[PDB]
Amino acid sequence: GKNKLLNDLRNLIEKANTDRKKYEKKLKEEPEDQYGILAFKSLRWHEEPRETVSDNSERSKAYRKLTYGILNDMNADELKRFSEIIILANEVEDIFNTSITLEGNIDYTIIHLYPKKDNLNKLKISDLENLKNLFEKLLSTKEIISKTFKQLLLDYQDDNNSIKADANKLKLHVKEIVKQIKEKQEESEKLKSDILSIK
């Protein structure tokens, strides 16, 4: 049991770390139009110097990279369309800030675990079991949000529930997504804090 857990957990951690490198690469190769994610230009930090997520500060680049992570199952065309749909709903802040916070909890957890992964053998079986279940649950939060965003793109294209024909219906539906993201985001905070508690 211990041997298998050690293995499964290195596999999870090593594989999550590879995905993270993917997102760094999408930032390093980002086109000047930032994959048509015009939403970035409408996210302005409240603290000085009050730049946008579209600007090239270090924290803005980080926020974009976390964006590429949470939208990672989309191509350039789906990325631009996602942005368009959220702008049309006028919910850039609540959708993007919530999503990127969730992603940021995953990212933080991965950088926390990665340097320590050859040291997992200091843990007892029940701690490893707990760690594995927490990390898997953390990764699922992201996967739920990613699927929610992919379905939005399909629902919109199909005009399900008139969300394409009618801005008011889009808005109501996008609000419900905000509610769901916010729950998963809160869930990610606790899973993260529980993983950080294992010492």
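Note that residue numbering follows the sequence shown and begins at 1.
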If you average the CA temperature factors over each stretch, which comes out higher, 103-111 or 72-80? 72-80
Tell me which stretch has the larger mean Cα B-factor in this entry, 88-96 or 120-128. 120-128
For the listed residues 147, 65, 50, 59, which one has the largest C-alpha B-factor as given in the deposited model? 147
Out of 37, 165, 174, 138, highest CA B-factor residue: 165
In terms of the CA temperature factor given in the entry, to which third of its chain does residue 7 belong: lowest, middle or highest? middle
Looking at the C-alpha B-factor of residue 186, is it in the lowest, middle or highest third of its chain? lowest
Which third, lowest, middle or highest, does the C-alpha temperature factor of residue 158 belong to within its own chain? highest
